[PDB]
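A short worksheet on the structure shown next.
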Amino acid sequence: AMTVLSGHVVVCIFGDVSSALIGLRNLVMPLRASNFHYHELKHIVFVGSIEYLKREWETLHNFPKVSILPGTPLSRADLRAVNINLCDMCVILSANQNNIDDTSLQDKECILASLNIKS
Amino acid sequence: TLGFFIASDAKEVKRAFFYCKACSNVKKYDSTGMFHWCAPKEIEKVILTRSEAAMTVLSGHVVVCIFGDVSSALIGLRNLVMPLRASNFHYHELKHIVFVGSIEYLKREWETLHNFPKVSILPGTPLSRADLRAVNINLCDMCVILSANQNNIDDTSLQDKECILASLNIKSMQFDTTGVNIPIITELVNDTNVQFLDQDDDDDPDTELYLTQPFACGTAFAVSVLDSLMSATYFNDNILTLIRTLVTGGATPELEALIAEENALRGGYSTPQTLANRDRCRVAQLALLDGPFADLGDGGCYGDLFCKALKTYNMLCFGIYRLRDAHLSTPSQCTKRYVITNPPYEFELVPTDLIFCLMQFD
Amino acid sequence: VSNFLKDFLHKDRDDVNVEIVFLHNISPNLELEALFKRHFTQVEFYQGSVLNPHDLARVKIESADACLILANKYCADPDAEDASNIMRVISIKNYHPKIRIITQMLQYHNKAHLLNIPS
Ligand SMILES: [Ca+2]
Ligand SMILES: [Ca+2]
Ligand SMILES: [Mg+2]
């Protein structure tokens with residue numbers, strides 16, 4: 001809440017200890033290309049469970065402007081804290097895209113998070 | 001204006017509009033002023049051991065027995081604690097709440113309860129008779145038996161095994177009196193298990209839940225009786241909001257906005273309109289043996305009590321918590337009382353009797 | 001049932017004359033029916049559930065001398081069948097409290113739960 005973030009990228013993640021790794025280095029690396037100046041970079045904040053980010057952080061840990069808020073994408077308080085109205089893009093991914101067997105609510109979390117920001 | 005009524009029919013309440021006779025900086029409440037609120041405690045500040053619970057005398061309190069685990073689903077105990085922390089009670093009129101159960105399940109749930117004044121936790125077992133003696137179960141105002149394992153057991157024979165065993169365990173204890181008079185409420189899953197809660201009733205598997213004895217005396221409550229609320233909410237959409245004010249202690253949609261944003265009851269600073277929120281009424285019971293209308297129980301009429309209490313004290317009266325054997329010839333010792341809702345004007349009034357009533361907050 | 005009828009109807013007792021009524025929800029196979037025909041005057045079977053009080057009324061549990069609850073001593077979960085047999089004691093004492101119940105428990109704490117029953 002203290003750090004003002006404008007023109008930044010908020011990556012909401014519905015992860016867990018058991019879910020497969022997304023491979024977030026392939027998301028961060030095109031946003032850290034050297035044809036941008038260091039002031040022209042975009043700050044990246046990951047909103048999700050800290051356990052899943054703990055499993056993945058050893059590939060992201062050499063990049064300049066990465067932050068992590070260990071919360072929930074559905075919690076409206078955390079999205080207000082990261083100034084979601086001022087971001088340049090909000091990216092909603094889910095690592096539970098392969099282990100759910102309901103075939104009715106695989107995209108339940110992503111649709112709920114999208115409508116939560118839309119309201 | 002809309003009048004919420006209680007009558008036997010709908011063409012009876014058609015006469016409700018067919019009438020002419022012609023033709024000081026401390027945070028003592030929440031941010032809204034509806035509940036009480038205290039500083040966010042740490043879980044060790046409320047955990048008591050068995051000797052610590054034995055030292056603290058608890059009378060007129062509420063004991064919530066919980067059969068929980070690490071894996072069981074969350075009950076949502078904030079919806080139980082919040083109507084017992086409404087601001088139309090004084091701080092001395094609150095009831096102490098002690099949770100008897102596994103500390104793991106309470107650890108999973110305590111981050112919603114941790115802003116309430118008089119909550120305690122004894123990490124034990126509801127079936128252990130030692131812990132129930134330590135919390136003075138004979139002196140409590142209500143013992144509530146819930147189970148979070150109401151959804152994951154697949155036996156369909158012993159889903160309500162723990163709750164029935166805990167109910168009979170309290171019903172067989174003895175003190176220096178017997179524990180058959182302790183007021184217990186147990187939540188059931190399969191309604192056919194309601195026959196095991198009492199001994200003297202005549203059980204039958206084909207009787208519905210509303211006609212059984214331990215439901216009619218208000219000692220059992222299954223969620224299947226709330227199935228009628230869908231049609232009740234459709235035909236009159238103000239009924240559900242009337243319930244949620246009556247039941248959750250006046251949950252206005254301002255707190256719904258607050259829990260939509262922060263999902264946490266936050267304390268506030270005392271304003272005069274915050275104190276204007278406290279003027280909600282309170283449901284309570286009344287003993288018909290010593291009060292200002294104690295003389296009326298000489299086989300009198302109930303409607304005389306209704307007009308007198310409403311004129312004097314501005315207090316409504318739903319009905320009668322009549323003893324089960326108060327109409328019988330021989331005097332028994334059964335302290336079980338059943339519920340009569342909206343008795344007529346000429347209803348006889350036994351002296352040993354309790355009255356459901358809505359009390360103002362003066 | 002074979003081991004029970006050996007030890008119960010043994011000739012080393014006196015001239016016993018009690019009848020043995022059985023009560024089980026599963027229907028017996030052909031070998032149990034041949035066993036009940038071998039004991040045609042001493043043993044009667046009635047299919048029902050001990051939890052359902054109509055079936056307790058069918059076997060005349062109000063005038064029975066005692067009620068015996070055999071346990072499956074090689075069950076996979078001992079607390080589960082101790083729970084089930086405790087439920088059977090609750091059901092019979094719910095119908096008629098003045099009956100003599102003999103039962104088998106597999107642990108000692110589940111035996112301790114039986115004394116808490118008010119009958
Ligand atoms: Ca009616
Ligand atoms: Ca009964
Ligand atoms: Mg015969």
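In the structure tokens, chains take letters A, B, ... by order of appearance, with residues numbered from 1 within each chain and ligands from 1 in the order shown.
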Query raised in the report: What lies within 10 Å of region 152-168 of chain B using only C-alpha atoms, ignoring chain neighbours under 4 positions off, as a PyMOL selection string?
Result: (chain B and resi 65-67+71-73+125-129+143-148+172-173+179-180+184-199+219) or (chain C and resi 51+80+83-84+86-87+90+113-114+116-119)
Query raised in the report: Which protein, DNA or RNA residues have an atom within 10 Å of ligand 1, counting only C-alpha atoms and all ligand atoms, as a VMD selection string?
Result: chain B and resid 6 to 10
**Report entry** Backbone-only DSSP, alpha helix (DSSP H) members of region 218-353 of chain B, as a VMD selection string
**Finding:** chain B and resid 229 to 235 238 to 247 253 to 261 272 to 276 302 to 312
Keeping C-alpha atoms, export the residues of the selection given above as a short mmCIF file (atom, residue, chain, number, x, y, z; two decimals), in the first residue's frame.
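Final output, saved to selection-v7.cif:
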data_model
loop_
_atom_site.label_atom_id
_atom_site.label_comp_id
_atom_site.auth_asym_id
_atom_site.auth_seq_id
_atom_site.Cartn_x
_atom_site.Cartn_y
_atom_site.Cartn_z
CA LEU B 229 -36.79 -20.76 2.83
CA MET B 230 -36.51 -20.77 -0.97
CA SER B 231 -40.25 -20.53 -1.53
CA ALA B 232 -40.53 -18.21 1.47
CA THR B 233 -37.94 -15.89 -0.06
CA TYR B 234 -39.56 -15.96 -3.49
CA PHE B 235 -43.08 -15.07 -2.40
CA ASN B 238 -38.32 -9.00 2.51
CA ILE B 239 -38.65 -12.13 4.66
CA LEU B 240 -35.02 -13.21 4.30
CA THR B 241 -33.80 -9.74 5.20
CA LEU B 242 -36.18 -9.75 8.18
CA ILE B 243 -34.63 -13.05 9.26
CA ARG B 244 -31.03 -11.90 8.83
CA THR B 245 -31.69 -8.85 10.98
CA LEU B 246 -33.48 -10.97 13.58
CA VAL B 247 -30.95 -13.79 13.54
CA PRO B 253 -25.56 -4.40 4.05
CA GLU B 254 -22.96 -1.87 5.23
CA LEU B 255 -21.16 -4.72 6.96
CA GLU B 256 -21.68 -6.72 3.78
CA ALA B 257 -19.79 -3.99 1.95
CA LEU B 258 -17.09 -4.06 4.63
CA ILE B 259 -16.61 -7.82 4.41
CA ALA B 260 -16.68 -7.58 0.62
CA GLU B 261 -13.72 -5.20 0.77
CA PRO B 272 -23.32 9.34 18.45
CA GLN B 273 -24.83 7.69 15.37
CA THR B 274 -22.78 4.60 16.21
CA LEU B 275 -24.60 4.69 19.54
CA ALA B 276 -27.84 5.17 17.62
CA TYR B 302 -52.14 -14.98 27.74
CA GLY B 303 -53.55 -12.01 25.84
CA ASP B 304 -53.81 -10.01 29.05
CA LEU B 305 -50.06 -10.49 29.43
CA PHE B 306 -49.59 -9.46 25.80
CA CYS B 307 -51.46 -6.17 26.14
CA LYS B 308 -49.98 -5.40 29.56
CA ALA B 309 -46.36 -6.03 28.58
CA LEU B 310 -46.73 -4.14 25.31
CA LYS B 311 -48.39 -1.16 27.00
CA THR B 312 -45.97 -0.97 29.92
#
Query - Contacts with ligand 3 at most 9 Å, only C-alpha atoms and all ligand atoms counted, listed as a PyMOL selection string - result: chain C and resi 19-21+40-44
Could the residues in this selection be written to a file with C-alpha atoms, as a JSON list (two decimals), in the first residue's frame?
[["chain", "number", "residue", "atom", "x", "y", "z"],
["C", 19, "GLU", "CA", -34.76, -69.72, 21.75],
["C", 20, "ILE", "CA", -32.26, -67.85, 19.61],
["C", 21, "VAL", "CA", -33.59, -65.11, 17.36],
["C", 40, "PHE", "CA", -35.25, -75.90, 13.25],
["C", 41, "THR", "CA", -36.71, -75.74, 16.76],
["C", 42, "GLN", "CA", -34.07, -73.64, 18.53],
["C", 43, "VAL", "CA", -33.15, -70.93, 16.01],
["C", 44, "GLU", "CA", -35.31, -68.44, 14.12]]
Report task. Within 12 Å of residue 67 (chain C), counting only C-alpha atoms, which residues show up once you throw out same-chain ones fewer than 5 positions away? Write them as an MDAnalysis selection string, please. Result -> chainID C and resid 19:23 50 56 59:62 88:89 91:93 96:104
Could you save the residues just selected, with N, CA, C and O atoms, as a short mmCIF file (atom, residue, chain, number, x, y, z; two decimals), in the first residue's frame?
data_model
loop_
_atom_site.label_atom_id
_atom_site.label_comp_id
_atom_site.auth_asym_id
_atom_site.auth_seq_id
_atom_site.Cartn_x
_atom_site.Cartn_y
_atom_site.Cartn_z
N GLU C 19 -34.82 -69.74 23.20
CA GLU C 19 -34.76 -69.72 21.75
C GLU C 19 -33.84 -68.60 21.30
O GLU C 19 -33.65 -67.60 21.99
N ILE C 20 -33.25 -68.78 20.13
CA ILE C 20 -32.26 -67.85 19.61
C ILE C 20 -32.85 -67.20 18.38
O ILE C 20 -33.10 -67.87 17.37
N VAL C 21 -33.07 -65.89 18.46
CA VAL C 21 -33.59 -65.11 17.36
C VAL C 21 -32.45 -64.29 16.79
O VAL C 21 -31.71 -63.65 17.54
N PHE C 22 -32.28 -64.34 15.48
CA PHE C 22 -31.24 -63.58 14.83
C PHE C 22 -31.85 -62.39 14.11
O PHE C 22 -33.04 -62.35 13.83
N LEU C 23 -31.01 -61.40 13.82
CA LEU C 23 -31.48 -60.16 13.21
C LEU C 23 -30.34 -59.56 12.42
O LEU C 23 -29.40 -59.01 13.01
N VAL C 50 -31.08 -53.39 13.21
CA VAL C 50 -31.23 -53.16 14.64
C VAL C 50 -31.41 -51.68 14.95
O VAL C 50 -32.00 -51.33 15.97
N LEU C 56 -36.85 -53.88 15.68
CA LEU C 56 -36.74 -54.27 17.08
C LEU C 56 -38.08 -54.70 17.64
O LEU C 56 -38.14 -55.59 18.49
N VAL C 59 -38.84 -58.53 16.56
CA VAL C 59 -38.16 -59.66 17.19
C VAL C 59 -38.51 -59.75 18.66
O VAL C 59 -37.91 -60.55 19.39
N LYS C 60 -39.48 -58.94 19.09
CA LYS C 60 -39.96 -58.87 20.47
C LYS C 60 -38.83 -58.58 21.44
O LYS C 60 -38.61 -59.30 22.42
N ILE C 61 -38.09 -57.50 21.17
CA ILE C 61 -36.96 -57.11 21.99
C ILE C 61 -37.40 -56.63 23.37
O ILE C 61 -36.58 -56.58 24.29
N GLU C 62 -38.68 -56.29 23.55
CA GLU C 62 -39.16 -55.88 24.85
C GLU C 62 -39.33 -57.05 25.81
O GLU C 62 -39.32 -56.84 27.02
N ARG C 88 -25.30 -49.45 17.82
CA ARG C 88 -26.29 -50.50 18.04
C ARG C 88 -26.76 -50.54 19.49
O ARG C 88 -27.95 -50.75 19.75
N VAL C 89 -25.85 -50.32 20.44
CA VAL C 89 -26.24 -50.27 21.85
C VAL C 89 -27.14 -49.08 22.11
O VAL C 89 -28.11 -49.18 22.87
N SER C 91 -29.18 -47.75 19.97
CA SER C 91 -30.49 -48.01 19.38
C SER C 91 -31.33 -48.94 20.23
O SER C 91 -32.53 -48.70 20.41
N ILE C 92 -30.73 -50.00 20.77
CA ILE C 92 -31.50 -50.94 21.58
C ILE C 92 -31.88 -50.31 22.90
O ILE C 92 -33.00 -50.51 23.40
N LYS C 93 -30.99 -49.51 23.48
CA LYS C 93 -31.35 -48.81 24.70
C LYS C 93 -32.33 -47.68 24.44
O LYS C 93 -33.03 -47.26 25.37
N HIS C 96 -35.77 -49.97 24.31
CA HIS C 96 -36.08 -50.55 25.61
C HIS C 96 -34.86 -50.39 26.50
O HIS C 96 -33.82 -51.01 26.22
N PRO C 97 -34.93 -49.57 27.55
CA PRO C 97 -33.75 -49.38 28.39
C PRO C 97 -33.50 -50.49 29.38
O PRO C 97 -32.38 -50.61 29.88
N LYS C 98 -34.50 -51.31 29.69
CA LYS C 98 -34.39 -52.32 30.74
C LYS C 98 -33.99 -53.68 30.19
O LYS C 98 -34.41 -54.71 30.72
N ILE C 99 -33.19 -53.71 29.14
CA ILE C 99 -32.74 -54.96 28.55
C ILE C 99 -31.28 -55.17 28.93
O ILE C 99 -30.56 -54.23 29.31
N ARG C 100 -30.85 -56.42 28.88
CA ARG C 100 -29.48 -56.80 29.17
C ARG C 100 -28.74 -56.95 27.86
O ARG C 100 -29.05 -57.83 27.06
N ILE C 101 -27.77 -56.08 27.62
CA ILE C 101 -27.00 -56.08 26.39
C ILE C 101 -25.62 -56.64 26.67
O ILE C 101 -24.92 -56.17 27.57
N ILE C 102 -25.23 -57.66 25.91
CA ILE C 102 -23.87 -58.18 25.93
C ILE C 102 -23.25 -57.87 24.58
O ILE C 102 -23.84 -58.13 23.54
N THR C 103 -22.05 -57.29 24.60
CA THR C 103 -21.43 -56.83 23.37
C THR C 103 -19.93 -57.10 23.41
O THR C 103 -19.39 -57.54 24.42
N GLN C 104 -19.28 -56.84 22.29
CA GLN C 104 -17.85 -57.03 22.15
C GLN C 104 -17.23 -55.74 21.64
O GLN C 104 -17.69 -55.18 20.63
#
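Our summary of the geometry notes that CA of residue 124 (chain B) is positioned 16.6 Å from CA of residue 56 (chain B).
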Query raised in the report: At what distance in Å, to one decimal, does CA of residue 130 (chain B) lie from CA of residue 111 (chain C)?
Result: 17.0 Å
Hey, what's within 8 Å of residue 134 (chain B) if we count only C-alpha atoms and toss same-chain stuff fewer than 5 positions away? As a PDB file with C-alpha atoms, in the first residue's frame, please?
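Ended up saving to result25.pdb:
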ATOM      1  CA  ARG B  50      -7.700 -27.751  32.143  1.00  0.00           C
ATOM      2  CA  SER B  51      -6.414 -26.377  35.450  1.00  0.00           C
ATOM      3  CA  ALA B  53     -10.332 -23.498  33.108  1.00  0.00           C
ATOM      4  CA  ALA B  54     -10.955 -25.110  36.492  1.00  0.00           C
TER       5      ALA B  54
END
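Each of A:87, A:60, A:28, A:77 was compared to chain B using only C-alpha atoms, and A:77 turns out to be the nearest.
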**Report entry** Using only C-alpha atoms: which of C:30, C:24, C:35, C:110 has the shortest distance to residue 2 (chain C)
**Finding:** C:35
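Compared by their closest atoms to chain B, and using only C-alpha atoms, the residues C:75, C:57, C:34, C:68 rank with C:57 nearest.
Residue neighbourhood of residue 46 (chain A), excluding near-sequence residues (fewer than 3 positions): residues 10, 11, 12, 67, 68 and 69 of chain A, at 7 Å, using only C-alpha atoms.
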Query raised in the report: Neighbours of region 105-110 of chain A within 10 Å (only C-alpha atoms; same-chain residues fewer than 3 positions away dropped), as a list in words?
Result: residues 12, 13, 14, 73, 74, 91, 92, 93, 94, 96, 97, 98, 99, 100, 101, 102, 113, 114, 115 and 116 of chain A
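Across the model, the gap from CA of residue 108 (chain C) to CA of residue 178 (chain B) is 25.7 Å.
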Requested in this report: Please return, as an MDAnalysis selection string, all residues of chain A lying within 12 Å of chain B when only C-alpha atoms are considered.
Outcome: chainID A and resid 74:81 116 119
Requested in this report: Skip residue 325 (chain B) itself and residues of its chain fewer than 6 positions away, then list as a PyMOL selection string all residues within 8 Å of it, counting only C-alpha atoms.
Outcome: chain B and resi 331-332+334
Keeping only N, CA, C and O atoms, write those residues as a PDB file, in the first residue's frame.
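Once written, result.pdb looks like this:
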ATOM      1  N   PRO B 331     -47.558 -34.686  39.095  1.00  0.00           N
ATOM      2  CA  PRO B 331     -46.371 -33.833  38.940  1.00  0.00           C
ATOM      3  C   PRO B 331     -45.137 -34.691  38.698  1.00  0.00           C
ATOM      4  O   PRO B 331     -44.802 -35.558  39.507  1.00  0.00           O
ATOM      5  N   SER B 332     -44.471 -34.456  37.575  1.00  0.00           N
ATOM      6  CA  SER B 332     -43.254 -35.166  37.233  1.00  0.00           C
ATOM      7  C   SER B 332     -42.045 -34.274  37.486  1.00  0.00           C
ATOM      8  O   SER B 332     -42.154 -33.177  38.041  1.00  0.00           O
ATOM      9  N   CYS B 334     -39.784 -33.879  34.752  1.00  0.00           N
ATOM     10  CA  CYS B 334     -39.296 -33.612  33.404  1.00  0.00           C
ATOM     11  C   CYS B 334     -39.222 -32.111  33.187  1.00  0.00           C
ATOM     12  O   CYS B 334     -40.252 -31.442  33.083  1.00  0.00           O
TER      13      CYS B 334
END
